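K.L.:
Following this message is one structure expressed as structure tokens.
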Amino acid sequence: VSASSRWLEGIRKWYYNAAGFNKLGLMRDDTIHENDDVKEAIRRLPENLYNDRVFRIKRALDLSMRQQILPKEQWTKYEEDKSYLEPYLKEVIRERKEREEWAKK
Amino acid sequence: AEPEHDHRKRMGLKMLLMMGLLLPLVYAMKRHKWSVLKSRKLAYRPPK
Amino acid sequence: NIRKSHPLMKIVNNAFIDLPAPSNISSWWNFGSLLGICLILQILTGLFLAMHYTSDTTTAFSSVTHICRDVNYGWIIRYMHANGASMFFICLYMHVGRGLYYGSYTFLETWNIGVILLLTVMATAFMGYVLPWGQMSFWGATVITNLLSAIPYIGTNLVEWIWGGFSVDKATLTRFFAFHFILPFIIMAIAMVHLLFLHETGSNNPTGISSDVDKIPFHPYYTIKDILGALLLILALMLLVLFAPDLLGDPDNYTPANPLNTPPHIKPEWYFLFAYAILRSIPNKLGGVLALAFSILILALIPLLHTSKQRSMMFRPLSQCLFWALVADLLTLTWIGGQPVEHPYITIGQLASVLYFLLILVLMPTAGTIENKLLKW
Amino acid sequence: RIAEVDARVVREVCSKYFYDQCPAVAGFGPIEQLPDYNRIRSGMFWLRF
Amino acid sequence: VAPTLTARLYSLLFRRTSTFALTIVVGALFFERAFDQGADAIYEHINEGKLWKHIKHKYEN
Amino acid sequence: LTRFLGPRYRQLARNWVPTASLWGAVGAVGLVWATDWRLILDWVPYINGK
Amino acid sequence: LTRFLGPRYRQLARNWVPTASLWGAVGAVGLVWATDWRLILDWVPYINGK
Ligand SMILES: CCCCCCCCCCCCCCCC(=O)OC[C@H](COP(=O)(O)OCCN)OC(=O)CCCCCCCCCCCCCCC
Ligand SMILES: CCCCCCCCCCCCCCCCCC(=O)OC[C@H](COP(=O)(O)OCCN)OC(=O)CCCCCCCCCCCCC
Ligand SMILES: CCCCCCCCCCCCCC(=O)OC[C@H](COP(=O)(O)OCC[N+](C)(C)C)OC(=O)CCCCCCCCCCCCC
Ligand code: HEM
Ligand code: HEM
Ligand SMILES: CCCCCC(=O)OC[C@H](COP(=O)([O-])OCCN)OC(=O)CCCCC
Ligand SMILES: CCCCCC(=O)OC[C@H](COP(=O)([O-])OCCN)OC(=O)CCCCC
Ligand SMILES: CCCCCC(=O)OC[C@H](COP(=O)([O-])OCCN)OC(=O)CCCCC
Ligand SMILES: CSC1=N[C@@](C)(c2ccccc2)C(=O)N1Nc1ccccc1
Ligand SMILES: [Cl-]
């Protein structure tokens, strides 16, 4: 909407490229630490996203073993990073918080 | 104070020479076995 | 197939052969087995020293001399045992640093007993360094045991009860030798429980992401890498044994213990200097002791301070910098600990001492919260 | 050509083609438990022999 | 098309594990003599006339 | 007890005989080399010395 | 973290309170008895002696 919230994105694009998981062809949600909430969200993914997530992670563990990265052409662009897991994950948390609010009635 | 001085250096020489042999040979055995993995190629072929 | 059904070889199989392991664990994962090797070396060199060592003040100094001069190849056994202990502490500190950088502490059970494995090794090497009964052995033993006198009410009773007298003397050297003999076997037992809890989950890896999609068998891939690593461990040890045996040892320990005067400046072995610095950074008795205990027991509450939605620091630049400021800060405290309580080393020792606890307790927890918000989650 | 074959013949012929030779492997399906190629390759000889 | 030395070593020594192990133990035996022989020869050529092996001839009687 | 004496078991014996006699050469040579048994090592030409 | 503050959790606290204060009496009395803590054991009448 403005120029101030636009360099805010510029420093988030900066941190994104510095974090460097896009150099392994990975997306932000591929790097989330699996807890009980996350393991449930992954369980709920449709077959296409689950299989894609499996291969991207497998491709990255392969690269990490060789201490290599993908060509710059194949890095995950900050603009094209689909937060595919947070919708499922946010509903998992929402359900858990409901149980927790009932548990103290 | 150190009567073992001369003998330890003679051993030290033998230790360096054996290491100069064994380190690259053991390194070569590691690379030999691991080469199956280091040159493996992956492909993803999902149904469409 | 008998390898999978014999009740004895079953447990070996599921731990060293067919155990699934990640395909991408780096050299920082080699230090687990090097700790085991270090332990085995300290058992064997230790055992063969105990066949010629005597445990009483009159001839304790002389029996070690007797080994380095008269028994066949005992001088090499003795420096292996002395430098093996220092290699043990190198591997310990890499092992822990690996766990912090890559987030392996989330294995609570494995991690929390790992802390116990750290304390017992320190207690071992402490009671090992007393046995030759040199000057550093005696007064280093005096400073440490008096830490318990700081406990209110029951302090002095525990010290004199540990001592078996009114100061470290014949009665302490005998029991310390008994403790130094038996503790490395307790360590091996707890190291087995270390692995038992570990195998419950398997190894972490440089990325912090589950490696279930891409595992390889431990054999032949990590059996050979652990061999190669061990061969570099022998190299490190033998360079110290055969070309620089007294580099880490202090000269003062080559004069028999004298209970009447101290050296003008005492310094622990390198692997305890960072913690000695924290102790001296406080002009209070009980304060210095508590700051020393929390210096190591801080590890037990690292898992409670994890704020990042990611596990490893591989994708967290802001945590990387704070991690290396801790290594430098710890390297600073090591330097102060080796220097006399004098200006400006005193004030430096206090600033580096706050920076230690400030990083772990404040800067690194909040640094993970920032980078979560930079990544919009 | 068959009656010539005895036990000595199969041992000589089999060792010529099987013993300590690099195999080709092909897998399809739920093959997570398919042994790694180095393990397969080590199954092509016996340390007792 | 005579097989190189590495191929003739495999066919004769290495294919069988037993012969592969026999030549390791024999290889150790002959390697030990020539290694300690040659190694000691270097250690003293560096330190020529510095230790007792060299000045033993002065104080014979 | 006497399951293992018949045509096939004497064939297995004669198949593994060349191998076991070689592992006896590994052990025997390995015992000489490890213990520095001088009674044997004098007739072999090159190692004679020291 | 704050899952455990609400109507039901304060009821559980008040249910197990009488028990925990008794296990503190076991431990405290057990600590006095094992270590022979004389500062406490003087006011209790009968054990006074030796
Ligand atoms: C009951 C048995 C218990 C044994 C327990 C052992 C504990 C493990 C310690 C490992 C120390 C490494 C070698 C130091 C000795 C020395 O330096 O060797 C000195 C001798 C020279 O000696 P010399 O010239 O005096 O005589 C000469 C008479 N001919 O040659 C060497 O340089 C050999 C060392 C080469 C480099 C080391 C490579 C390590 C390989 C792994 C082997 C480990 C086997 C473990 C077996 C249990
Ligand atoms: C409590 C005891 C105090 C005693 C004082 C001891 C004195 C300290 C002396 C300092 C020696 C330092 C050793 C050299 C380290 C070099 C590391 C480096 O070269 O690479 C950085 C590496 C980054 O690599 P990534 O894993 O992110 O991804 C790789 C993509 N190709 O990232 C990593 O590799 C980092 C892994 C962890 C390193 C371990 C070192 C820390 C040692 C003490 C930690 C104690 C904390 C309580
Ligand atoms: C009473 C006195 C008795 C004395 C007896 C003396 C006997 C000496 C040993 C001889 C035994 C040889 C057996 C043998 O080589 O097989 C073991 C494996 C097989 O190697 P590999 O190349 O996999 O397969 C060979 C297949 N073949 C035979 C058909 C060509 O070979 C290897 O893979 C071994 C290579 C690695 C060795 C290092 C292991 C030691 C532990 C780590 C050391 C450093 C830190 C402690
Ligand atoms: C005598 C002491 C110890 C021994 C023998 C030992 C051995 C091992 C071994 C063999 C592994 C698995 C292989 C590896 O990751 O290298 C391991 C993993 C681990 N250890 Fe230790 N260790 C010891 C002390 C410690 C200490 C002091 C800590 C932490 C304060 C610790 C925490 C851990 C953790 C968290 C792991 C899991 C690492 C991972 O899989 O990513 N251990 N240890
Ligand atoms: C993790 C295990 C061990 C560590 C870190 C360790 C460490 C040490 C250290 C640092 C010393 C001082 C050496 C010196 O200043 O000269 C020492 C001495 C000694 N250790 Fe150990 N030790 C271990 C296990 C053992 C075991 C299992 C035994 C016996 C069964 C043993 C027997 C001795 C003896 C007799 C001495 C006195 C001789 C000497 O000073 O060299 N050690 N130990
Ligand atoms: C005294 C001799 C002991 C022999 C040990 C042995 O050979 O173990 C198996 C492997 C090689 O055999 P393989 O894995 O090819 O399997 C062959 C299947 N036919 O070797 C190693 O890599 C193990 C390392 C042991 C270190 C302690
Ligand atoms: C079972 C452990 C064997 C321990 C033997 C020992 O310590 O070494 C002594 C002899 C030395 O050979 P020799 O020619 O001097 O002969 C000296 C004669 N006394 O070596 C031998 O003779 C090896 C014999 C092995 C048989 C099992
Ligand atoms: C944790 C191990 C405790 C070891 C205490 C000990 O050895 O006994 C000493 C005193 C004796 O009581 P006191 O009235 O003589 O008093 C003497 C005062 N110095 O007993 C106590 O005071 C018990 C205190 C326990 C607190 C944890
Ligand atoms: C018992 S003398 C001693 N034991 C060591 C090896 C040790 C102490 C504590 C924990 C583990 C190992 C050490 O550094 N010192 N020296 C020393 C010098 C001054 C003050 C304290 C110790
Ligand atoms: Cl001494």
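Letters A, B, ... mark the chains of the structure tokens in the order given; residue numbers begin at 1 per chain; ligand numbers begin at 1, in order shown.
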Could you superpose chain F on chain G by least squares over every Cα, matched in sequence order, and send it back as a short mmCIF file (atom, residue, chain, number, x, y, z; two decimals) with N, CA, C and O atoms, in the first residue's frame?

P.N.:
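That gives us part.cif:
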data_model
loop_
_atom_site.label_atom_id
_atom_site.label_comp_id
_atom_site.auth_asym_id
_atom_site.auth_seq_id
_atom_site.Cartn_x
_atom_site.Cartn_y
_atom_site.Cartn_z
N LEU F 1 1.47 -23.35 27.70
CA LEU F 1 2.02 -23.08 29.02
C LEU F 1 0.89 -22.88 30.04
O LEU F 1 0.87 -23.54 31.08
N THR F 2 -0.04 -21.98 29.73
CA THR F 2 -1.16 -21.68 30.61
C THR F 2 -2.39 -22.53 30.31
O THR F 2 -3.52 -22.10 30.55
N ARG F 3 -2.19 -23.74 29.77
CA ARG F 3 -3.28 -24.70 29.71
C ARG F 3 -3.82 -25.01 31.10
O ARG F 3 -5.02 -25.27 31.26
N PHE F 4 -2.94 -24.99 32.10
CA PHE F 4 -3.21 -25.57 33.41
C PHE F 4 -3.64 -24.53 34.44
O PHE F 4 -3.33 -24.68 35.63
N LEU F 5 -4.36 -23.49 34.02
CA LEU F 5 -5.02 -22.58 34.96
C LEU F 5 -6.45 -22.36 34.49
O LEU F 5 -6.69 -21.64 33.51
N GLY F 6 -7.38 -22.97 35.20
CA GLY F 6 -8.79 -22.77 34.99
C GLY F 6 -9.57 -23.43 36.10
O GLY F 6 -9.00 -23.94 37.07
N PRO F 7 -10.91 -23.41 36.00
CA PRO F 7 -11.73 -24.03 37.06
C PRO F 7 -11.32 -25.45 37.44
O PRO F 7 -11.20 -25.75 38.64
N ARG F 8 -11.08 -26.33 36.47
CA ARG F 8 -10.82 -27.73 36.80
C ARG F 8 -9.44 -27.93 37.40
O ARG F 8 -9.26 -28.82 38.24
N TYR F 9 -8.45 -27.14 36.99
CA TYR F 9 -7.08 -27.35 37.47
C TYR F 9 -6.89 -26.83 38.88
O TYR F 9 -6.08 -27.39 39.63
N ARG F 10 -7.61 -25.78 39.28
CA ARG F 10 -7.59 -25.36 40.67
C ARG F 10 -8.36 -26.33 41.56
O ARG F 10 -8.08 -26.40 42.76
N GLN F 11 -9.32 -27.07 41.00
CA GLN F 11 -9.98 -28.13 41.76
C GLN F 11 -9.04 -29.30 41.99
O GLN F 11 -9.03 -29.88 43.08
N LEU F 12 -8.26 -29.68 40.98
CA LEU F 12 -7.29 -30.75 41.16
C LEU F 12 -6.22 -30.35 42.17
O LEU F 12 -5.79 -31.18 42.98
N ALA F 13 -5.78 -29.09 42.12
CA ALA F 13 -4.82 -28.61 43.11
C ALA F 13 -5.36 -28.78 44.52
O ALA F 13 -4.68 -29.32 45.39
N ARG F 14 -6.60 -28.35 44.75
CA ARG F 14 -7.18 -28.43 46.09
C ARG F 14 -7.53 -29.86 46.49
O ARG F 14 -7.72 -30.12 47.69
N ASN F 15 -7.61 -30.79 45.54
CA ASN F 15 -7.87 -32.19 45.87
C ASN F 15 -6.62 -32.90 46.37
O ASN F 15 -6.69 -33.69 47.32
N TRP F 16 -5.47 -32.65 45.74
CA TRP F 16 -4.21 -33.30 46.10
C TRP F 16 -3.39 -32.49 47.11
O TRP F 16 -2.30 -32.95 47.49
N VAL F 17 -3.86 -31.32 47.54
CA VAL F 17 -3.10 -30.54 48.52
C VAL F 17 -2.94 -31.28 49.84
O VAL F 17 -1.82 -31.34 50.36
N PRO F 18 -4.00 -31.85 50.44
CA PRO F 18 -3.80 -32.58 51.70
C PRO F 18 -2.80 -33.72 51.61
O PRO F 18 -2.15 -34.05 52.61
N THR F 19 -2.64 -34.32 50.43
CA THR F 19 -1.72 -35.45 50.28
C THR F 19 -0.27 -34.98 50.20
O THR F 19 0.60 -35.53 50.87
N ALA F 20 0.00 -33.96 49.38
CA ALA F 20 1.37 -33.50 49.20
C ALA F 20 1.96 -32.96 50.50
O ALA F 20 3.14 -33.19 50.79
N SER F 21 1.16 -32.25 51.29
CA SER F 21 1.64 -31.77 52.58
C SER F 21 1.95 -32.91 53.54
O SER F 21 2.73 -32.72 54.48
N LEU F 22 1.37 -34.09 53.33
CA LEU F 22 1.72 -35.25 54.15
C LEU F 22 3.02 -35.89 53.67
O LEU F 22 3.83 -36.33 54.49
N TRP F 23 3.23 -35.96 52.35
CA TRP F 23 4.51 -36.46 51.85
C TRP F 23 5.65 -35.52 52.20
O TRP F 23 6.81 -35.96 52.26
N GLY F 24 5.36 -34.24 52.43
CA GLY F 24 6.37 -33.35 52.98
C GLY F 24 6.66 -33.64 54.44
O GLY F 24 7.78 -33.40 54.91
N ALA F 25 5.67 -34.16 55.17
CA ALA F 25 5.92 -34.61 56.53
C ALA F 25 6.73 -35.90 56.54
O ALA F 25 7.57 -36.10 57.42
N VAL F 26 6.50 -36.79 55.57
CA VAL F 26 7.31 -38.00 55.47
C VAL F 26 8.76 -37.63 55.18
O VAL F 26 9.69 -38.11 55.84
N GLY F 27 8.98 -36.78 54.18
CA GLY F 27 10.34 -36.40 53.82
C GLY F 27 11.03 -35.64 54.94
O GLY F 27 12.17 -35.95 55.29
N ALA F 28 10.36 -34.63 55.50
CA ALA F 28 10.96 -33.82 56.55
C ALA F 28 11.30 -34.68 57.76
O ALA F 28 12.43 -34.65 58.27
N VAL F 29 10.33 -35.45 58.25
CA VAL F 29 10.60 -36.35 59.37
C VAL F 29 11.65 -37.38 58.98
O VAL F 29 12.51 -37.75 59.78
N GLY F 30 11.60 -37.86 57.73
CA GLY F 30 12.60 -38.80 57.26
C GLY F 30 13.99 -38.21 57.18
O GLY F 30 14.98 -38.91 57.38
N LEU F 31 14.09 -36.91 56.89
CA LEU F 31 15.39 -36.26 56.85
C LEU F 31 15.94 -36.06 58.26
O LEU F 31 17.14 -36.28 58.50
N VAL F 32 15.09 -35.66 59.20
CA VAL F 32 15.51 -35.50 60.59
C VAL F 32 16.00 -36.84 61.14
O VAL F 32 17.07 -36.94 61.75
N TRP F 33 15.21 -37.89 60.94
CA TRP F 33 15.50 -39.19 61.54
C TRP F 33 16.79 -39.79 60.97
O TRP F 33 17.58 -40.37 61.72
N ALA F 34 17.01 -39.66 59.66
CA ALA F 34 18.17 -40.29 59.04
C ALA F 34 19.47 -39.59 59.45
O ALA F 34 20.46 -40.26 59.77
N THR F 35 19.48 -38.26 59.44
CA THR F 35 20.70 -37.51 59.73
C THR F 35 20.90 -37.23 61.22
O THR F 35 21.94 -36.68 61.58
N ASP F 36 19.95 -37.61 62.08
CA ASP F 36 20.03 -37.33 63.51
C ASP F 36 20.19 -35.82 63.76
O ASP F 36 21.12 -35.36 64.41
N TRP F 37 19.25 -35.06 63.20
CA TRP F 37 19.28 -33.61 63.32
C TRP F 37 18.87 -33.21 64.74
O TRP F 37 17.68 -33.27 65.09
N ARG F 38 19.84 -32.80 65.55
CA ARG F 38 19.59 -32.56 66.97
C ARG F 38 18.82 -31.28 67.23
O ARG F 38 18.14 -31.19 68.27
N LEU F 39 18.88 -30.29 66.34
CA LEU F 39 18.19 -29.03 66.59
C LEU F 39 16.68 -29.23 66.71
O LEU F 39 16.03 -28.56 67.51
N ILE F 40 16.12 -30.17 65.95
CA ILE F 40 14.70 -30.47 66.06
C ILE F 40 14.44 -31.44 67.20
O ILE F 40 13.52 -31.25 68.00
N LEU F 41 15.25 -32.50 67.30
CA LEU F 41 14.93 -33.63 68.16
C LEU F 41 15.04 -33.34 69.66
O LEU F 41 14.86 -34.27 70.45
N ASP F 42 15.32 -32.10 70.08
CA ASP F 42 15.42 -31.81 71.50
C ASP F 42 14.05 -31.54 72.13
O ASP F 42 13.84 -31.88 73.30
N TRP F 43 13.12 -30.94 71.39
CA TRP F 43 11.84 -30.56 71.97
C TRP F 43 10.88 -31.74 72.08
O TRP F 43 10.05 -31.77 72.99
N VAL F 44 10.97 -32.69 71.17
CA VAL F 44 10.17 -33.92 71.30
C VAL F 44 10.62 -34.67 72.55
O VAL F 44 11.84 -34.87 72.74
N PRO F 45 9.70 -35.12 73.43
CA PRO F 45 10.11 -35.46 74.80
C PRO F 45 10.95 -36.72 74.95
O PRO F 45 11.98 -36.70 75.63
N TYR F 46 10.53 -37.82 74.33
CA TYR F 46 11.03 -39.13 74.74
C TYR F 46 12.41 -39.44 74.18
O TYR F 46 13.23 -40.05 74.87
N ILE F 47 12.69 -39.04 72.93
CA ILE F 47 13.96 -39.43 72.31
C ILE F 47 15.16 -38.74 72.93
O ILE F 47 16.29 -39.14 72.67
N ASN F 48 14.94 -37.70 73.75
CA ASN F 48 16.03 -37.02 74.44
C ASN F 48 16.84 -38.01 75.26
O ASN F 48 16.33 -38.63 76.20
N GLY F 49 18.10 -38.17 74.90
CA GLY F 49 19.00 -39.10 75.56
C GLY F 49 20.04 -39.62 74.59
O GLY F 49 19.79 -39.82 73.40
N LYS F 50 21.24 -39.86 75.11
CA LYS F 50 22.37 -40.34 74.32
C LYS F 50 22.68 -39.36 73.19
O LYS F 50 22.09 -39.42 72.12
#

K.L.:
Quick one: which chain C residues come within 10 Å of chain D, and what is the nearest atom pair for each with the distance in Å to one decimal, counting only C-alpha atoms, rows ordered by chain and ascending number, as JSON lines?

P.N.:
{"residue": "C:18", "atom": "CA", "partner": "D:35", "partner_atom": "CA", "distance": 9.6}
{"residue": "C:213", "atom": "CA", "partner": "D:32", "partner_atom": "CA", "distance": 9.3}
{"residue": "C:214", "atom": "CA", "partner": "D:32", "partner_atom": "CA", "distance": 9.4}
{"residue": "C:215", "atom": "CA", "partner": "D:32", "partner_atom": "CA", "distance": 9.2}
{"residue": "C:216", "atom": "CA", "partner": "D:36", "partner_atom": "CA", "distance": 7.4}
{"residue": "C:217", "atom": "CA", "partner": "D:36", "partner_atom": "CA", "distance": 7.6}
{"residue": "C:219", "atom": "CA", "partner": "D:39", "partner_atom": "CA", "distance": 8.3}
{"residue": "C:220", "atom": "CA", "partner": "D:38", "partner_atom": "CA", "distance": 7.5}
{"residue": "C:221", "atom": "CA", "partner": "D:38", "partner_atom": "CA", "distance": 9.0}

K.L.:
Selection from above, C-alpha atoms, as a compact mmCIF listing (two decimals), in the first residue's frame, can you write it?

P.N.:
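To be explicit, this is the file written out as out_25.txt:
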# COMPACT_ATOMS: atom_id res chain seq x y z
CA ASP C 18 21.33 -52.37 9.72
CA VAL C 213 12.56 -40.15 3.17
CA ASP C 214 16.27 -40.86 2.59
CA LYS C 215 18.09 -43.21 4.98
CA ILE C 216 21.12 -45.43 4.37
CA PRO C 217 22.33 -48.37 6.50
CA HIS C 219 27.22 -50.29 7.52
CA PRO C 220 29.28 -49.88 5.29
CA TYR C 221 28.79 -46.13 4.99

K.L.:
From the options E:1, E:21, E:36, E:13, which residue's atoms come nearest to ligand 6, counting only C-alpha atoms and all ligand atoms?

P.N.:
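Among E:1, E:21, E:36, E:13, it is E:21 that comes nearest to ligand 6.
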
K.L.:
Please identify the residues whose atoms come within 7 Å of ligand 1, using only C-alpha atoms and all ligand atoms, and report them as a list in words.

P.N.:
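Written in the requested form, the residues are residues 7, 10, 11, 12, 14, 15, 16, 18 and 19 of chain B; 41, 44, 45, 231, 234 and 238 of chain C; 32 and 36 of chain E.
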
K.L.:
Write the residues of the preceding selection, restricted to N, CA and C atoms, as a PDB file, in the first residue's frame.

P.N.:
ATOM      1  N   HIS B   7      63.972 -41.998  21.791  1.00  0.00           N
ATOM      2  CA  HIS B   7      63.165 -43.121  21.328  1.00  0.00           C
ATOM      3  C   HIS B   7      61.797 -42.641  20.862  1.00  0.00           C
ATOM      4  N   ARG B  10      62.093 -41.225  17.357  1.00  0.00           N
ATOM      5  CA  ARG B  10      62.181 -42.282  16.355  1.00  0.00           C
ATOM      6  C   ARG B  10      60.807 -42.880  16.094  1.00  0.00           C
ATOM      7  N   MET B  11      60.032 -43.103  17.156  1.00  0.00           N
ATOM      8  CA  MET B  11      58.659 -43.566  16.992  1.00  0.00           C
ATOM      9  C   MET B  11      57.827 -42.515  16.271  1.00  0.00           C
ATOM     10  N   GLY B  12      58.002 -41.245  16.648  1.00  0.00           N
ATOM     11  CA  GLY B  12      57.269 -40.168  16.001  1.00  0.00           C
ATOM     12  C   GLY B  12      57.470 -40.150  14.497  1.00  0.00           C
ATOM     13  N   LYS B  14      58.186 -42.811  12.605  1.00  0.00           N
ATOM     14  CA  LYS B  14      57.455 -43.957  12.078  1.00  0.00           C
ATOM     15  C   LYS B  14      55.954 -43.685  12.084  1.00  0.00           C
ATOM     16  N   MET B  15      55.470 -42.965  13.097  1.00  0.00           N
ATOM     17  CA  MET B  15      54.047 -42.654  13.176  1.00  0.00           C
ATOM     18  C   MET B  15      53.632 -41.725  12.038  1.00  0.00           C
ATOM     19  N   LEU B  16      54.461 -40.727  11.724  1.00  0.00           N
ATOM     20  CA  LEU B  16      54.149 -39.814  10.629  1.00  0.00           C
ATOM     21  C   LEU B  16      54.151 -40.540   9.290  1.00  0.00           C
ATOM     22  N   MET B  18      53.671 -43.830   8.649  1.00  0.00           N
ATOM     23  CA  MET B  18      52.519 -44.720   8.532  1.00  0.00           C
ATOM     24  C   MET B  18      51.238 -43.929   8.312  1.00  0.00           C
ATOM     25  N   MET B  19      51.115 -42.765   8.954  1.00  0.00           N
ATOM     26  CA  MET B  19      49.900 -41.978   8.788  1.00  0.00           C
ATOM     27  C   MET B  19      49.833 -41.417   7.378  1.00  0.00           C
TER      28      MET B  19
ATOM     29  N   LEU C  41      40.226 -46.045  25.126  1.00  0.00           N
ATOM     30  CA  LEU C  41      41.648 -45.781  25.324  1.00  0.00           C
ATOM     31  C   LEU C  41      41.944 -45.452  26.780  1.00  0.00           C
ATOM     32  N   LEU C  44      42.030 -48.655  28.822  1.00  0.00           N
ATOM     33  CA  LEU C  44      43.156 -49.561  28.621  1.00  0.00           C
ATOM     34  C   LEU C  44      44.460 -48.954  29.112  1.00  0.00           C
ATOM     35  N   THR C  45      44.797 -47.751  28.645  1.00  0.00           N
ATOM     36  CA  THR C  45      45.953 -47.062  29.201  1.00  0.00           C
ATOM     37  C   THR C  45      45.787 -46.875  30.702  1.00  0.00           C
ATOM     38  N   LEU C 231      41.014 -42.752  12.820  1.00  0.00           N
ATOM     39  CA  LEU C 231      42.400 -42.663  12.387  1.00  0.00           C
ATOM     40  C   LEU C 231      42.919 -41.233  12.477  1.00  0.00           C
ATOM     41  N   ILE C 234      43.526 -40.867  16.297  1.00  0.00           N
ATOM     42  CA  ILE C 234      44.833 -41.390  16.687  1.00  0.00           C
ATOM     43  C   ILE C 234      45.927 -40.410  16.280  1.00  0.00           C
ATOM     44  N   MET C 238      48.601 -39.023  18.857  1.00  0.00           N
ATOM     45  CA  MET C 238      50.013 -39.386  18.743  1.00  0.00           C
ATOM     46  C   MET C 238      50.902 -38.182  18.476  1.00  0.00           C
TER      47      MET C 238
ATOM     48  N   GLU E  32      57.220 -55.352   7.609  1.00  0.00           N
ATOM     49  CA  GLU E  32      57.759 -54.975   8.911  1.00  0.00           C
ATOM     50  C   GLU E  32      59.278 -54.868   8.873  1.00  0.00           C
ATOM     51  N   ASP E  36      60.960 -51.004   9.287  1.00  0.00           N
ATOM     52  CA  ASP E  36      61.816 -50.683  10.425  1.00  0.00           C
ATOM     53  C   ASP E  36      63.278 -50.575  10.012  1.00  0.00           C
TER      54      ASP E  36
END

K.L.:
Could I get the residue neighbourhood of ligand 9 at 7 Å, counting only C-alpha atoms and all ligand atoms, as a PyMOL selection string?

P.N.:
chain C and resi 122-123+125-127+129-130+136-141+143-144+266-272
